[PDB]
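In UniProt numbering, the protein residues as written are 3 to 356, 365 to 590, 599 to 896, 1008 to 1284. Okay, structure first, notes after.
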Amino acid sequence: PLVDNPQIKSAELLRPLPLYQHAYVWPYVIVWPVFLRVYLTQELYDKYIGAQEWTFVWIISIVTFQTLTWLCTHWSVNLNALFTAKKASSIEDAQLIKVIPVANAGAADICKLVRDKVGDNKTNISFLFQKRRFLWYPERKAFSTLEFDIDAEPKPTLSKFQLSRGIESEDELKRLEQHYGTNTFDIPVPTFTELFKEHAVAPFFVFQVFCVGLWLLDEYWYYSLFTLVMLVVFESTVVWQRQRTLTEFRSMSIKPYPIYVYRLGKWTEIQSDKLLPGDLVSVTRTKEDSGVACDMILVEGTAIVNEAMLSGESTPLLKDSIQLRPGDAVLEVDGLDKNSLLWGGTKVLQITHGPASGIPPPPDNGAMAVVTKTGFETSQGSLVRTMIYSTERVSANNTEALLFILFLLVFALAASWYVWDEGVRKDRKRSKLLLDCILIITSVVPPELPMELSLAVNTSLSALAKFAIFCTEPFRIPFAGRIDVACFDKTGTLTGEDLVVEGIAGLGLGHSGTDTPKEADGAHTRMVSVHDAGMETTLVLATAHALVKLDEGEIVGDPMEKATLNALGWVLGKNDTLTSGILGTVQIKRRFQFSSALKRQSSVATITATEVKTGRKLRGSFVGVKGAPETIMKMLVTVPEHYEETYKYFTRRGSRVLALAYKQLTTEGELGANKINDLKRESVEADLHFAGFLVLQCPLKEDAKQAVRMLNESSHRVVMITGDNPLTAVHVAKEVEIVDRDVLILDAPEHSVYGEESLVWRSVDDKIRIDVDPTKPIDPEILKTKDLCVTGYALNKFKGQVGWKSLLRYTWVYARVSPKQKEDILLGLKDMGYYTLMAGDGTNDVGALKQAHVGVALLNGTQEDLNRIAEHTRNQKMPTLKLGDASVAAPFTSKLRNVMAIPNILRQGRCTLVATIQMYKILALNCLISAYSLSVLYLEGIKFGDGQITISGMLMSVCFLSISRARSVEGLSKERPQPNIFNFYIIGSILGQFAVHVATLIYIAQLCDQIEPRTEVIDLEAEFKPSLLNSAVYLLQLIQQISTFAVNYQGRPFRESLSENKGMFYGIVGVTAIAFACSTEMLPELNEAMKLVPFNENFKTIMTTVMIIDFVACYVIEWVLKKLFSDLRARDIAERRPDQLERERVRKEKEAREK
Ligand code: ALF
Ligand SMILES: [Ca+2]
Ligand SMILES: [Mg+2]
């Protein structure tokens, strides 16, 4: 293979051809002078030198052939490589290379090779594909990505980075600059011309232009020019709207910032753009709206960072140096060196200083680090590349449309063959025969299909703006009608980012006055605010934290600690001080931390509390601990009588409860220096007391439960993908009723041996623990009894084995997944056969948002902020929202924080999915009657009047415009709409209705010929004359055109009813009433109004009978074929157990009885 990248499937070297050797110029140069000579001076009519119709046919044919030969190089890259290039012999003369990627990872392309000359008189051959560099390696004679110092076949020794210095000499700097490039992101941001060029090449636009050009034979310039002008205006405004919304939602701007680099033995100030792998950079605090420029490894110093891009959370992480490690291989994947790597894109919250290479300290007093990657090869470079180079634009050009056009073209060719044969048997003029064949060919295949689908989509696009839900690709709305799996994020989508504190309860335990309210089992539900709390609870809350105050006054730490400190009201100060209703001073000396084992935070301090209520004074040493109720129960010496039951009620009703405890070490005096250091964790937990139960409200949006419940019972499956801990993910997923059963977490053992690999089925309570290996099937029983929660660490161990497909069907919760793993799940679900939706807000789910069929990016705005922005803009004509990165990669964008915008889009999908489907069916019917009205009826003497066709045309236009516009129904239904158009039901219904219409027309024509015989000749140029046959055929055609609209219209569970459609119902009623009144002949003036012949008494009953028979037969055929072959059932992954259905029915009945 040429390219050694799994992204690239195949490659081929090419060499360009000159302009005169192309495949669409040279045959034209051969052909054109021959025809010119024949038409000009041959004087022999081999190609009809004098006939105007034949010469025009030749000119149009040759021009169309040349235009198609030119356009075929734009719709494919194989034809581009076969028409405008030749296969090169080797790399010596090759200049262009054609690259094709994996079918689900981009688009094919043909790139240009570039050769650069290094100072050592050598040649470097490279090419750029999807803004990614590829180099030609002659040692293995292939193409590779690049070779960095961090990644190599032998793992580098730590002495390479510990003793590293800056890049010396100008030659090395120039070589690195010309070999690795600059550290920047080059977004092309195309202009209007490129967008219009891309839009005007699409096959539907070419088809419409060709049809309109064919309408220039004898229809005169009136109809063709107006249609062409409106088409050009519509395409121009579509392109302008697309470019405007692309510029509004997609910016992708990164501003460089100055940094200090140790180059040539001195510290200089360099912009962040000019950085090369091997520099010695000094990192400091990262300001607002900025991040780390390049991927680097820390050498000296400690950094507190905020990795909000990879994990998705906001908990600060601690990264240590590498100075305390000997010469060893870099274990950067999972070893001790993973905590030393500093990724590019995160923010450095704090820098702590505390060298082997003898380097002077930087002037800005930062931390030394060595760059390892730069440019588009960093961690966020892959996300930026997948933002814009992952999927193709979705438009009206589908395979279903092509098959539909081919079907109608087959019928058109049959009709044209019949017309041409009957016209050549009678030896008529070839001009009128050819014009009629062209007319029926253009009439059968509808040129109005794309401009009707576009209107049906733009109506939904305009209707979606009321919920502040903007869209970028409008043709993805029908995909929302067949959604089978709907994933969800956790930290930004369902759970609210902010946190509130309800208060502290359980302080009435121990001695009770029988006055506080109690539950049925005796649980104390007394709620006391923190401002009215006791002295002991405040003292414990003022020391059991882990927050640290920066030099500029900012504070960092856990969100719950910040929330409880804000609720406390005390103020943190330097040297670990807590100052001021207690109005005391707390000085914390020693602190203890937890790492998910023995979950409790302990601290010691010196306290001076001057109570204002009781007027007492407290001073001296103090010990405060905060943790789980079970651990405090284990370490308690005087357990209250209702301690066990008073927290179960709180933790059951969606809340987080934490127990607090205190210990008075020395009442008088302080412990002093060199005394707390020798104390261990077990020593301070000898005796404990009880202070209270801090209760925190469950972080969840008020619309989360309602939206998930609406999605669950509407034949959709809701899964959840998050990068948080499995415990919190399982708790949140159980609260919103995503999973309601026993939950098993497949993950590494909690012992964390870190040396051997193992997979176990843990539980929420450590009572079930079995061993599973990734090379065997999962279980025949686990997938049936208990639900699953597969973590992201063990997802890679199951990649490629036989258990991968079993773990993509019976799992609903994924926890701790990398940004790359968030799209593997969606790709697997898409390849399995399901449609997927995903809603998220962060930067880690960019690839998942791109690879899903429809993606929503929920922002953090509110209605009041939107109103303020609108009124500020209005005042400018006479606050802001953070766009982020998720809105760039998501086709949809909801500007409101409500998660109810996720079901609403679905409510606006089905109405677009149903209507479009109906359109297809109805169009097919009108593309089959007309083919019968121009091939068999045209050859007879049946010709309608000039005034009668206007009514039919107006009725058809009104009905089509009313069908294209649609409105949404109130609530989601259990039955799904028809997915595609090429199943047995649609084709069977179309063919049955066409057969009924043909049989009725044949019977009416036969009986009308029997009643009134014809003895004259059939004239194809005679004008309109009133007769029985013309009136009968006109009435039957009007009734059939009414029946094609009043039978194939379904709107009961997915749209508005036919009675509420004012545009269509009134027209249908009026036309049907007029036709039936003229058939039954109750108004003699009406028949004379539009040139009708008086009817016999016996013919009237036959006419009414056949009209009613036609209507009833069409309705019965449609109903039977809908009842027999409807694909209205739910998918296999969305099946609901009887228990869930029974619970839903019980809840619905209770709500109905309540109201
Ligand atoms: F809320 Al996440 F990855 F868990 F964006
Ligand atoms: Ca038509
Ligand atoms: Mg998030």
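Note that beta-carbon positions come from the ideal geometry of N, C-alpha and C, so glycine has one too.
Quick one: residues in its chain with C-beta nearer than 6 Å to the C-beta of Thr-43, no 5 flanking neighbours on either side, listed in chain order? none
What residues are listed by DSSP as bridge partners for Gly-710? Bridge partners of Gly-710 according to DSSP: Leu-678.
Can you check whether the CB of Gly-645 is closer than 8 Å to the CB of residue 2? Summary: the structure shown does not reach residue 2, with the chain confined to residues 3 through 1284, and so no result is reported for it.
Ligand 1 and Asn-862: does the residue's C-beta get closer than 7 Å to at least one heavy atom of that ligand? True, at least one ligand heavy atom lies under 7 Å from that Cβ.
For a cutoff of 8 Å on Cβ pairs, would you count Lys-815 as touching chain B? Among the chains in the structure shown there is no chain B, since it carries only a single protein chain.
Pull up the CB-CB distance for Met-397 and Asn-862, whole angstroms please, since I reckon it's below 8 Å. The pair is not a contact, with the Cβ atoms about 13 Å apart (cut-off 8 Å).
Would you mind sorting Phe-386 into buried or exposed? The rule is 16 or more other CB atoms within 10 Å of its CB. buried
Cutting at 6 Å between CB atoms, please list the residues of its own chain near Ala-866, excluding the five before and the five after it. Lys-840, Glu-841, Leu-844 and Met-856
Check whether the Cβ of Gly-502 sits closer than 7 Å to any heavy atom of ligand 1, and report yes or no. yes
Integer-rounded CB distance, given that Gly-741 should sit under 8 Å from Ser-392: Rounded, the Cβ-Cβ distance is 16 Å, inconsistent with contact.
Exposed or buried, what is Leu-474 when buried is set at 16 or more other beta-carbons lying within 10 Å of its beta-carbon? Counting Cβ neighbours within 10 Å, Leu-474 comes out buried, since at least 16 surround it.
Out of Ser-453, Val-1275 and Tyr-1049, point me to the one whose CA is closest to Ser-1064's CA. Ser-453
For residue 2, does the three-state DSSP call read helix, strand or coil? The shown model of the chain, from 3 to 1284, leaves out residue 2, and the question about it has no answer.
Using only Cβ atoms and a threshold of 7 Å, which residues come within that distance of a heavy atom of ligand 2? Order them by chain position. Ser-453, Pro-456, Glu-458, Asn-1055, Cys-1056 and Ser-1059
Kindly confirm or deny that the segment 434–452 and the segment 465–479 touch, where touching means at least three C-beta pairs closer than 8 Å. Taking 8 Å as the limit for Cβ pairs, the verdict is that the segment 465–479 does not touch the segment 434–452.
Relative to ligand 1, is the shortest distance from any of its heavy atoms to the C-beta of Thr-740 smaller than 7 Å? yes
Within the continuous beta strand (DSSP E) that includes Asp-118, where are the two ends? Boundaries of the beta strand (DSSP E) around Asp-118: 116–119.
Quick test of the definition: if touching needs 3 or more C-beta pairs under 8 Å, does the segment 511–524 touch the segment 1053–1073? no
Which of the three DSSP states is assigned to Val-831 in this structure? Three-state result, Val-831: strand.
Residue from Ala-1242, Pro-35, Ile-1203 and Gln-894 with nearest C-alpha to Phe-1123: Looking from the CA of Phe-1123, the closest CA among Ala-1242, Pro-35, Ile-1203 and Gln-894 belongs to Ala-1242.
Using 8 Å as the threshold, is the C-beta distance between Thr-1201 and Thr-1233 below it? Between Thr-1201 and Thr-1233, the gap from beta carbon to beta carbon reaches 8 Å or more.
Report the three-state DSSP secondary structure of residue 592 (helix, strand or coil). Position 590 is followed directly by 599 in the chain, which means residue 592 is not present among the coordinates.
Report the option in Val-761, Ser-732 and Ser-733 whose CA atom is closest to the CA atom of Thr-746. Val-761
Would you list the one or two residues that DSSP bridges to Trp-217? Bridge partners of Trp-217: none, in fact.
Check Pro-1267 in the structure and name its three-state DSSP category. helix
Closer than 7 Å: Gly-314 CB and nearest ligand 1 heavy atom: yes
Closest to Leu-764 by CA distance: which of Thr-348, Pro-795 and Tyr-811 is it? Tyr-811
On the DSSP bridge assignment, give the partners of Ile-272 in chain order. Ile-261
I want to check one thing, is the minimum distance from the CB of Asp-499 to the heavy atoms of ligand 3 below 7 Å? yes
So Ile-1140 is in the alpha helix (DSSP H); what residue range does that whole segment cover? 1113–1140
7 Å Cβ shell around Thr-854 - same chain, five flanking residues per side excluded: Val-495, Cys-497, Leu-844, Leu-847, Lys-848, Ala-870 and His-871
Please say whether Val-754 and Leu-504 have beta carbons closer to each other than 8 Å? yes
May I have the straight-line CA-CA distance separating residue 358 from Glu-483, to the nearest angstrom? The structure shown gives no position for residue 358: in the chain, residue numbering passes from 356 to 365 with nothing in between.
One or two residues paired with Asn-126 in a DSSP bridge: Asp-118
Length at least 4, wholly inside the segment 392–463: the alpha helix (DSSP H) runs in chain order: 409–435 and 440–454
Would you call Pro-488 buried or exposed, if buried means 16 or more other Cβ atoms sit within 10 Å of its Cβ? buried
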